[PDB]
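As structure tokens, the structure follows; a few thoughts come after it.
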Amino acid sequence: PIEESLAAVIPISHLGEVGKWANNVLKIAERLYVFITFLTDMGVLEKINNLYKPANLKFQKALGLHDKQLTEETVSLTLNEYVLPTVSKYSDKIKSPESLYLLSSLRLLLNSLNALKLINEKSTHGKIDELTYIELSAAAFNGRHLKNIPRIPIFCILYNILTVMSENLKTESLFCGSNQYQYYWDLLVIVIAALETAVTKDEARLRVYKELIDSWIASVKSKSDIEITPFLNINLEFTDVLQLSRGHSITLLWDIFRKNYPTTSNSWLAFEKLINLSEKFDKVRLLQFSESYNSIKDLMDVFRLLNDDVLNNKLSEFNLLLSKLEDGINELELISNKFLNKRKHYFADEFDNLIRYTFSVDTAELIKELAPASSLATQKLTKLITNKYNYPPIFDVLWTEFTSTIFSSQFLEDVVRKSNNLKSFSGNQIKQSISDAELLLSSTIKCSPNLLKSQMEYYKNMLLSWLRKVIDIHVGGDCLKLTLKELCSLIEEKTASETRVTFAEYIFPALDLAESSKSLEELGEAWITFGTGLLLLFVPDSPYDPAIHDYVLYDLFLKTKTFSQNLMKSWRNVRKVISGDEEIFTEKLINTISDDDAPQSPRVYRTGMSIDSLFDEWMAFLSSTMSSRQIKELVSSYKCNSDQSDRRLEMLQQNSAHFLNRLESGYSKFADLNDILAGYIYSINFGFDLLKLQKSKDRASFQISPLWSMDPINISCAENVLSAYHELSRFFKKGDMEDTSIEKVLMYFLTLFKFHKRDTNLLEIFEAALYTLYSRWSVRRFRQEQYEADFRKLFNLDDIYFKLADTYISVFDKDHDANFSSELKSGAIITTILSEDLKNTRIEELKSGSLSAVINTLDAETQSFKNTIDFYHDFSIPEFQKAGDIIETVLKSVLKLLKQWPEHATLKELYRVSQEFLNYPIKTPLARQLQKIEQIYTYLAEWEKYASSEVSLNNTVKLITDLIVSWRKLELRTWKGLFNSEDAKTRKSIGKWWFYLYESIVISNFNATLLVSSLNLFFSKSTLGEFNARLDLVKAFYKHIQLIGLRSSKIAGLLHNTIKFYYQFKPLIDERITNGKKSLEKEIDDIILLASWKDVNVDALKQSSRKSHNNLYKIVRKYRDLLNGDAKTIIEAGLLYXXXXXXXXXXXXXXXXXXXXXXXXXXXXXXXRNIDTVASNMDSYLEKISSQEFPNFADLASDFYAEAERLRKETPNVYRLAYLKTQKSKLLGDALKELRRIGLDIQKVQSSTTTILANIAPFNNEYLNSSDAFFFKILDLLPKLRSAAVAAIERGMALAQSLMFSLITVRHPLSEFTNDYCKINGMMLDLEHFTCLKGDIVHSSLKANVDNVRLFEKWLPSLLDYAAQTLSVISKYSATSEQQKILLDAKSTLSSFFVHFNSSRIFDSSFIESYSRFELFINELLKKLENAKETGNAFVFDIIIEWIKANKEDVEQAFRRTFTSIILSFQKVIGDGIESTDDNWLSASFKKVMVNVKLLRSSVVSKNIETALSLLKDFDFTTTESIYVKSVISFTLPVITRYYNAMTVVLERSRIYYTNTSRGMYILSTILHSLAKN
């Protein structure tokens, strides 16, 4: 249509522009006239006619002459043929392709410049009423204005383009340049394009048009054209207004972090349909039981196959296969309508918190097994197996409308708490919870390496693999192999001028602080500075979009292909006018645009909706509360810790929660820039939660964390338990009364003093742990002063006090063989007290020591509900589970036969009862459970009678009948014994006895006559059944004082006599009970044999029970008369009345036969002694002591007892009397005259029994406990003599006083004698093995290594038993079971080592060659565990490796002083004669025992041996002067072995003499006792 004006050139200008003949026709004829006026108003018609001036002169001269014309006879095409090409003498560009674009550019400049006249005329019509944006941008250019929209100013800038083209083509007159008219065509299409996309919206589409008219300047300047100099200012104002200042790097950071997204309009409408189904699947997943996890795991896989099929652009079977998943959920919903027992979501926090330790791209299979039995939605799971996911995936789980549960032990403190409180639940949750705690064991085993790794040095790693990727794309080259100055030089060459400021102010401090991070504060500050860093490099001020740049370069290609095809078809009609039918030269001259030049137009499709509304929303939020002035106030507040810290942050995490939820459901079409921004707001919220977990570690009133028990490495350290008591001192003292939780912690420290086998380091936490138990009783008395129980009623503070003294008895035992299996179940109870009551504790990471104990607690519970007592008290899960199934099968048959019937009463009544039976919790006794199975049998029996024969429930009545019979047999077993519970209820009075003895014994230790009178009331005012429990507790205070040692030895003497004196009456009290029980055991055994069934008749069984319960209450009531009878009657009655063995200590020639050469080998022995004359005279004098024999007194007293038996028993007492009265006065006159002959302040000592029981010496040594077998026989009848006691009685009572005073003062030197006797016996055996010593004395170098062996003696065989248990729990859930053989073989070879280190009492030098073999075995044991810590689990072997690595001249004078004091001590003994029953032998034989014990002076001789052995075991000697010391100790050994044999003769003679006179005292006193009564 400009060629139609070019072909219509008739000379001159189609008759000289006739006068508007096209107007005489009258749109195509009127618009063509405007192009001709535009052709003549410029000089374009006048510049062409100056080109034909050589052509007109050449045609005039060559051809015939004629009249001259103004314009030549040539068309305006000017480029065909026919010497018009030879008019290219000047301006040689007609052969060039710029010839056709001269006439064609004025067509397009006209059509665009006149289009701006129409819009500018429209601006003066209206104002702000259904106008366009380009029309409203002319409001600042014209009069009529508006209210807004002056930011882009397109009309004032898309008008200076066309006036330069109006100013250049008007005054050029050149038609010759380097492709000028080629370059005036591509600009004049962009101006058409900048007018179409500026009508309504899209400020973001004007980012391409500041580059298309900027690459055009760089193209016209590369052609060396002089036209670029002429204007040079067509976009230097357009970039002044539209430029951006905040984030320049959005166009470069978008490309590498982008994931795949669908590309068609048909896909996002179907992608929303899949998430619409993915929400309905979540509501069905939380309603299925444990058997339907084979079908949910299939339906959570098909969503992955459809997430790969939406992206595949393959929609053929999509709508078909998506209906199959609707058919799959509807089948899964149909089962969900039939569940009568709704699923209680239990362990909801256990499976939710095992995801956070696993949720990443790696280990994507462990998450899928944790997926369906949890609370994680399926729309978040499909971003794990497929790697469509962005930024590290922990951030998508933490915040819900949980960062403390990933860096603490809060997972493990809650598994223990939900396991102890499991048994207090209803009866519907026992078949669902044994399959819920079983799946939790199969999860913590398979996630064991994920729990144990470091969690504060792991997120440091995932920052440096994500901070060194941002520097990788900005700075060219790798950020690892580059210096600190080499990276700063490449910022100015690769990046802009504004990003250089923030890249050296926020990111480079976020790399320095990420390397020097040692706490959670230096890593939480290095994460937030990175968080504010990439918000100044991604978010723009004005709307910039890196995806519009590809969708305009295709729309511009679509328009310049349209104008090229418009130019071809409008020119094709001109071919039939002044041309032939083959070719025109301008057909070659025009450029044809190619079809195969598509500039890759789909990346991510964005439709005509404007994105300029989104970037208004981001800068309305990021400048509101996420600015750099809003975030630096919180960092400057946490560092100062002034005030109001944790309440600004919750306002911050709530603003960004609704913000990222606005963008998720917002705009529905593109998530490229939403996902990358979401990884920068989730990151900066994680940077503050790293400062919550630092200030909570800074507040610490108690440095003892929970889970202080349930770890075998913190209990076994003897120093650590002592340091865990001085820190809880603000918890025991600052407590309130009636709390009943402080007194359950002090129970646990008494089971650690037992567990360490009563060490001397833990004695402070055993004495001071009992004093606060008494102080919580001394206050509760200050405020107080200011069918078993059902038939007993017809006619918690005492369960703690009862257990504050059962542990106090069980500590003081012989041996325990301590283990870790039963000492951690008592630790699982204290942590539920310590984590609920005690606050402000320490936060720590999970360790391998505490995971080995919680797996033991879950498998201890789930093996108690499966594997298989006292009737009407027990709970019996394995019995309630059999009843829970046999009733549920009846409940199923009711609902089958209810829907046609419903209105009956029997089918309604038992349906209510059967629902009530399954609702009973498992803490109920079997009495209430037998009642509800009795009522449901009677309703089932009467419905079988009235109904027809089509019922067929014979199979259910027979099973209920045999179960009720099976529960009556367990009732008969409680009637059989029935006294073990009665003996325990009288044992429960221990808890108030312990505090009564602690006030009189220990506080007096903290006098002698005050204790016995306070203890005589403890045994006298007592019962008969609770008498053995008193003797079993005073012994627990007798071993409490021997545990203290020799600090108060008197208070252990006041308590040993009173135990043995009241142990004397125990066979009388035990006889009174065991014969009275024979009358009551037969009566109960008769009534049990009556209650037996034949032809069962279950209704008759209940009536036979109540008759049996009435008779059994009286027998228990009669049995309480034997127990609660008084015990004062037996004590005041005395004993009835036939004489004992001894230890018989005799060992002489064991060490008498290296002594012959020892005399010759011995340097000062000649300074101040033979051995042949000494050791022979020492043995010659030993015979004279052993030949001396004392007569017995029990033979004299037994002579009178046989004479008084004949004189008394032969009397027939019929009123022979005068002959008998003389004979009666003979033996009364002979006995009191015989005892006057043989020997014989006394009354100030012997007032009563409680006076001589105080100031008396004990016989605690275990050689002569038989010597007190008769002196406590003469203490029962000592008050009975004073009650009855006419001149012989006053003489006989005064005669037994002087013999008692000569029997009390023997006990004190004789008990001191056996105190030194057992010391010299234990030191004789030290110097005996010291003669057979073959090496050297290494006791300064080997004594420290024995303690290292003995510390491995008591613990290391016990940890091997504990590590052999947790490998059996893993063996039930894994295949790693062959690792048990490398611990039992490691245990059996240790038994060959600890016997060798215990077989020697004094140590040799050969053990240094044997201790190095033990040290080599540990380094070989430590390698066998490391090679076995593979293809399995590591937390079992981790604590045994961690514990092992955490635990890996003058002597001749001392043997001369004990040799001069052993002869002078023995010389004074023979200074008194031996002299073998003549006269006065009771005042001499009780004197001779006091002389021979005194003259041995065993307190001095056994003292010099104590100083002599101290110079041989403390210090050490080399291989020199060691054969000389061994020649001295073997020189004075055959003297000590004779002095020890001089003590086995004096002791064995004065022990038999003491058991004979005390037996003679007992026979004589019963004669005087019967004389005063008869």
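Note on naming: chains are A, B, ... as they come in the structure tokens, residues start from 1 per chain, ligands start from 1 in the order shown.
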Each residue of stretch 418-528 of chain A lying at most 10 Å from stretch 826-839 of chain A should get a row with its shortest atom-to-atom pair and the distance in Å to one decimal, counting only C-alpha atoms; could you produce that, ordered by chain and increasing number, as JSON lines?
{"residue": "A:418", "atom": "CA", "partner": "A:832", "partner_atom": "CA", "distance": 9.8}
{"residue": "A:419", "atom": "CA", "partner": "A:828", "partner_atom": "CA", "distance": 9.6}
{"residue": "A:420", "atom": "CA", "partner": "A:829", "partner_atom": "CA", "distance": 7.7}
{"residue": "A:421", "atom": "CA", "partner": "A:832", "partner_atom": "CA", "distance": 9.9}
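In the backbone-derived DSSP annotation, alpha helix (DSSP H) within stretch 735-793 of chain A comprises residues 746, 747, 748, 749, 750, 751, 752, 753, 764, 765, 766, 767, 768, 769, 770, 771, 772, 773, 774, 775, 780, 781, 782, 783 and 784 of chain A.
We find atom CA of residue A:561 and atom CA of residue A:595 to be spaced 8.6 Å apart.
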Interatomic distance (Å, one decimal) between atom CA of residue A:325 and atom CA of residue A:367: 22.5 Å
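Straight-line separation from atom CA of residue A:708 to atom CA of residue A:410: 13.6 Å.
The list of residues with at least one atom within 8 Å of stretch 1323-1333 of chain A, based on only C-alpha atoms and without residues fewer than 5 positions apart in the same chain, reads residues 1151, 1401, 1402, 1404, 1526, 1529, 1530, 1533, 1536 and 1537 of chain A.
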Report as an MDAnalysis selection string all protein, DNA and RNA residues lying within 9 Å of residue A:1050, evaluated on only C-alpha atoms, omitting residues in the same chain fewer than 4 positions from it. chainID A and resid 1008 1054:1055 1257
Near-residue A:855 list (9 Å; only C-alpha atoms; drop same-chain fewer than 5 positions) as number ranges by chain: A: 441, 444-445, 860, 1366, 1369
Only N, CA and C atoms, please: the residues just picked out, written as a PDB file, in the first residue's frame.
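Result file out-v8.pdb:
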ATOM      1  N   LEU A 441      10.394 -48.687  68.114  1.00  0.00           N
ATOM      2  CA  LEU A 441      11.678 -49.357  68.281  1.00  0.00           C
ATOM      3  C   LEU A 441      12.335 -49.639  66.937  1.00  0.00           C
ATOM      4  N   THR A 444      13.998 -45.866  65.924  1.00  0.00           N
ATOM      5  CA  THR A 444      15.190 -45.358  66.593  1.00  0.00           C
ATOM      6  C   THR A 444      16.406 -46.243  66.359  1.00  0.00           C
ATOM      7  N   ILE A 445      16.198 -47.509  65.993  1.00  0.00           N
ATOM      8  CA  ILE A 445      17.312 -48.374  65.616  1.00  0.00           C
ATOM      9  C   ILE A 445      17.843 -47.992  64.239  1.00  0.00           C
ATOM     10  N   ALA A 860      11.113 -53.284  77.803  1.00  0.00           N
ATOM     11  CA  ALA A 860      10.655 -53.842  79.069  1.00  0.00           C
ATOM     12  C   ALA A 860       9.145 -53.731  79.213  1.00  0.00           C
ATOM     13  N   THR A1366      21.270 -55.192  75.159  1.00  0.00           N
ATOM     14  CA  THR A1366      20.783 -54.316  74.101  1.00  0.00           C
ATOM     15  C   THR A1366      21.054 -54.880  72.716  1.00  0.00           C
ATOM     16  N   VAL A1369      17.935 -56.904  71.951  1.00  0.00           N
ATOM     17  CA  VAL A1369      16.792 -56.114  71.503  1.00  0.00           C
ATOM     18  C   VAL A1369      16.933 -55.771  70.025  1.00  0.00           C
TER      19      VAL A1369
END
Surrounding residues of residue A:716 excluding itself and chain neighbours under 3 positions, 10 Å, only C-alpha atoms, as a list in words: residues 711, 712, 713, 719, 720, 721, 752, 755, 756, 820, 1355 and 1443 of chain A
Residue A:1511 surroundings by only C-alpha atoms, 10 Å radius, close-in-sequence under 5 positions cut, as a list in words: residues 1450, 1451, 1454, 1506 and 1516 of chain A
Pull N, CA and C atoms from the residues just selected and write them as a PDB file, in the first residue's frame.
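And here is the file that came out, part25.pdb:
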ATOM      1  N   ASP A1450      68.352 -49.046 108.741  1.00  0.00           N
ATOM      2  CA  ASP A1450      67.274 -48.662 109.644  1.00  0.00           C
ATOM      3  C   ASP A1450      66.200 -49.733 109.771  1.00  0.00           C
ATOM      4  N   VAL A1451      66.053 -50.600 108.768  1.00  0.00           N
ATOM      5  CA  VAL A1451      65.067 -51.673 108.849  1.00  0.00           C
ATOM      6  C   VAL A1451      65.545 -52.749 109.819  1.00  0.00           C
ATOM      7  N   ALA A1454      64.418 -51.657 113.253  1.00  0.00           N
ATOM      8  CA  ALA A1454      62.999 -51.879 113.507  1.00  0.00           C
ATOM      9  C   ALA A1454      62.694 -53.346 113.775  1.00  0.00           C
ATOM     10  N   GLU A1506      53.692 -53.273 113.782  1.00  0.00           N
ATOM     11  CA  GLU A1506      52.986 -52.344 112.902  1.00  0.00           C
ATOM     12  C   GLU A1506      53.925 -51.282 112.342  1.00  0.00           C
ATOM     13  N   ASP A1516      60.186 -48.466  98.882  1.00  0.00           N
ATOM     14  CA  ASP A1516      60.648 -49.487  97.954  1.00  0.00           C
ATOM     15  C   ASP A1516      62.168 -49.575  97.976  1.00  0.00           C
TER      16      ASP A1516
END
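With only C-alpha atoms as the atoms that count, the residue of A:1248, A:1043, A:17, A:197 with the shortest distance to residue A:37 is A:17.
Nearest residue to residue A:1259 among A:692, A:1118, A:1551, A:1169 is A:1551, counting only C-alpha atoms.
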From A:437, A:45, A:1052, A:990, residue lying nearest residue A:415 [only C-alpha atoms]: A:437
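When only C-alpha atoms are used to compute distances to residue A:1023, the closest of the residues A:1125, A:1053, A:977, A:247 turns out to be A:1125.
Residue nearest residue A:959, chosen from A:49, A:341, A:1028, A:889 and counting only C-alpha atoms: A:889.
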